[PDB]
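This document opens with one chain alone, in structure tokens, the form deposited in one PDB entry.
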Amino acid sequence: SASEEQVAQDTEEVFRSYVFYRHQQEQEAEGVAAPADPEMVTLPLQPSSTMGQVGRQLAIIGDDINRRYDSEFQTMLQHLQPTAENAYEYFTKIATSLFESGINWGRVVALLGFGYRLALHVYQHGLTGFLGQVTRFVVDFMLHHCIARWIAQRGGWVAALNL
């Protein structure tokens, strides 16, 4: 019975954990061809917590289902400028488009995936210290766009461990 508030708070850990494990997965799948981002290795993590577990499962299942959203995110970000303002504008546009026709778990994973790709792009183009900002983009968007409320209604982030 996680409240909307609690779900909204949980998203920070879910996203950090998703980023960490997705990046570990990419390193496993790509080896030396994996895009480097040490920020994604050293971020705060609590692996055995529930939300740590959830982000990790979302990273594993996204490897399969998020493939097509990803391949585009990767093409369509190539053109983004590394300022905070461009980042935010681009984030808001894509995230709004993702949810225009409603919310489902696959689109939740897609948003996390987009956050991941956005954060990695801006880092590669020299904007350091911005991973926390993308996490904030995600947490806040999920809260104000009633994604947190939706999740809470499905049983909380813990409901994702079943996917």
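One rule holds for the numbers: they count along the sequence shown, beginning at 1.
- Comparing 133 to 141 with 46 to 54, the stretch with the higher mean C-alpha B-factor in the PDB entry is 46 to 54.
- Two stretches are in play, 145 to 153 and 14 to 22, and the higher mean C-alpha B-factor belongs to 145 to 153.
- Ranked against the other modelled residues of its chain, the C-alpha B-factor of residue 40 as given in the entry falls in the lowest third.
- Annotation for residue 114: CA B-factor lies in the lowest third of the chain's modelled residues.
- For residue 73, the recorded CA temperature factor ranks within the highest third of the chain's modelled residues.
- When the modelled residues of the chain are ordered by their C-alpha B factor, residue 126 lands in the highest third.
- In the PDB entry, residue 31 places in the middle third of its chain by CA B-factor.
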